[PDB]
């Protein structure tokens, strides 16, 4: 077959009931995740190949970066609760990996302040029980699939994308193969 288990995707041995339709895991410490955001725009390109209104979910993970990795999962919960993901994704990636100016929870907060989120608004979300629950949701979703690596995509709780089985001589072709595989899996 053109799409084969083990080539473009793998199949979870223990599928996850009630998982999001399209679920991405990433870390701001993750070098491939940086590339998936700024160089390849994987999420944008996957979204353009799926029907309108399809739910794409993106969660941060704890297992990269120690204390700061957990702070970043909480900050992503804040970004999700406030709806400011598109405002902070690039400054957070570049603060961690390009300029290396993010070293503390206060440095993360500065990114949100510079992006126009009010200090009281950020701090109130950071300490909120809604954010505590969003943190739990992200942890539970990664636990459900026993996640050991990022960037990762899962489709319908059953299929995991396999980007290493994909051609990387051309960045544009790679993105297209990845996006077309998600479409195929979403229709499976």
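Positions refer to the first chain, counted from 1. We call the rigid core whatever largest set of C-alpha positions still superposes within 1.5 Å between the two forms.
- Averaged as a root mean square over residues and superposed structures in 5 other deposited structures of this protein, CA distances to the shown form are larger in 50-58; the pair compared was 116-124 and 50-58 with a core fit.
- With every structure aligned by its rigid core, 159-167 is the stretch of 22-30 and 159-167 whose CA positions lie farther away in 5 other deposited structures of this protein.
- When the mean C-alpha temperature factors of 54-62 and 31-39 are read from the deposited coordinates, 54-62 comes out higher.
- As the entry records it, the average C-alpha temperature factor is higher for 79-87, out of 79-87 and 92-100.
- Per-chain ranking of the deposited C-alpha B factor places residue 69 in the lowest third.
- When all modelled residues of the chain are sorted by CA temperature factor, residue 180 is found within the middle third.
- Among all modelled residues in its chain, residue 120 ranks in the highest third by Cα B-factor.
- For residue 25, the recorded CA B-factor ranks within the lowest third of the chain. Only modelled residues enter the ranking.
- In this PDB entry, residue 46 carries a Cα temperature factor that places it within the middle third of its chain's modelled residues.
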